[PDB]
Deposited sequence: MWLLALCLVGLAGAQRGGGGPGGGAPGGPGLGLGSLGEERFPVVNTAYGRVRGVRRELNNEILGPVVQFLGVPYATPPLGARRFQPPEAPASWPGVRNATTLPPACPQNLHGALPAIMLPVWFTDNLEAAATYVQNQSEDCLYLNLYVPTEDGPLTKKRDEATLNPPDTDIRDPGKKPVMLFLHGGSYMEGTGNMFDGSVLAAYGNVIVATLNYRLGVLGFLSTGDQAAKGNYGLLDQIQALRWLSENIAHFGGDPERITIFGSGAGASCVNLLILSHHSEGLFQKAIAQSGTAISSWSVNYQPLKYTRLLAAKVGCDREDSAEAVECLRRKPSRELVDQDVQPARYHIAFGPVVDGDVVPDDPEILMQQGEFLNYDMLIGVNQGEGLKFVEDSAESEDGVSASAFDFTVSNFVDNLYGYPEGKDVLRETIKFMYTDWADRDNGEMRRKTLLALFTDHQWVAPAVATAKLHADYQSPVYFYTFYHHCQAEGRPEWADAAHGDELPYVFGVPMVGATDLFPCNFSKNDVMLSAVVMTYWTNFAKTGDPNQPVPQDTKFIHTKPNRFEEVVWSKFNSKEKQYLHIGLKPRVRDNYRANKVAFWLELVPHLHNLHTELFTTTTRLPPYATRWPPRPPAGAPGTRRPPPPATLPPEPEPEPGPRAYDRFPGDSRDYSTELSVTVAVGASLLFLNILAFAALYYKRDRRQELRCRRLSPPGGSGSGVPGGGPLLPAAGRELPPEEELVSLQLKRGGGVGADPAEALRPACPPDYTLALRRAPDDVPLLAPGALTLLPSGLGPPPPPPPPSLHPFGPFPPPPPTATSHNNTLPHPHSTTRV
């Protein structure tokens, strides 16, 4: 397994898969895409790599650039299986170094590419823990789980010229180019790149469409559970926090542009161990508006239809926010005051909105019971963050002559604390799209797989692969049900599809709550 690219010649490996169904998976763990930053051009955009003679021995898990899984990280943005089994995930990124600009591959003539921008809160994660070879061989596609500058030294900007456009986004654009101008040797199609991701890694899958440098690189998108217009998708206070890690290591010279030229020699391990604690439901180090890759906010920029006709696929796990409440008449009256204070932009005229919300999410038919409160509160954080910025992105993107789809996941692998009372909960969609049941349970996903779960993987890896093939999720190839047609989303009818437990194509998901959060509350302020 040896191939050659314009940059040189690289080797590979091949493995035998666990399940009896699947066959010849080839792997190319660790191939590069750009020159690694070293300390001179840190806090700086990337450049192409060098060239080598002979053969490059590249088959290992490459180092993942520095993170810290014991850092009092936010517990809302991160998924469940990442939080609970943290001891298993922590034993997976052990070797870390400033040099992380590599990318894995999985080769099963012009096959589609499925670049996976791993999720998280922009603080940790890696493609090493999302080793999808089952997904690589089932649908007969090429996966690529890269690594990019994430964390402190990942997405810099300050307001001055010393920290220009966010180096992470254009960092993974450097890889979008590499995959676009070197993939013919690997058997891929440079005209069918389909970025996809989850969590807050899908927030930066919309952000790439509205920019400019993305023109000739990719053609489609997939947005699992994220959106560019939520309350933790973009950073809006770079300067206040960028001068607060410098207040514990020391660069806060009152001269504005006197922080890069002392930190740029600071070692990477001390610079990623600061308690930059963001405001509630806000982030600290994410993509920022500067002008070259984020000209104008997606609030405005999305209205003027300068984005081309790609085909976004939005989705929402039904029930997620299980870490918002985990029952009285003054306990349910206590979350719904600090919640409103924390996440409303802080205008004046609040005293009406709290009571309107408190009236709308009550069930007056049976008020008394304690399973209304602590169960509608889980329906008040699922709606304001994941459920109704999504339809706003669906409408305005469907109007401008473009196809936008939808879905709503429901069914999870049953484990501890996961009854039907406990639905997806920001996760439990990832194992199924990754094929964890179909080859036996792995380490980080402990559950009790059955033959009921394994049928879901077939359909959810046929959709997400036929998609990359042609955008419609069904045309090439066809559980408990079958053949249901994948219905679109248009402003008039708003048909979601319910890829849950029995795939019925229902309509108009939560009309009352979506309309309350989207078309009534803007008037109150």
item	value
Missing segments of the deposited chain sequence, listed N- to C-terminal	1 to 41, 150 to 174, 393 to 400, 553 to 562, 610 to 835
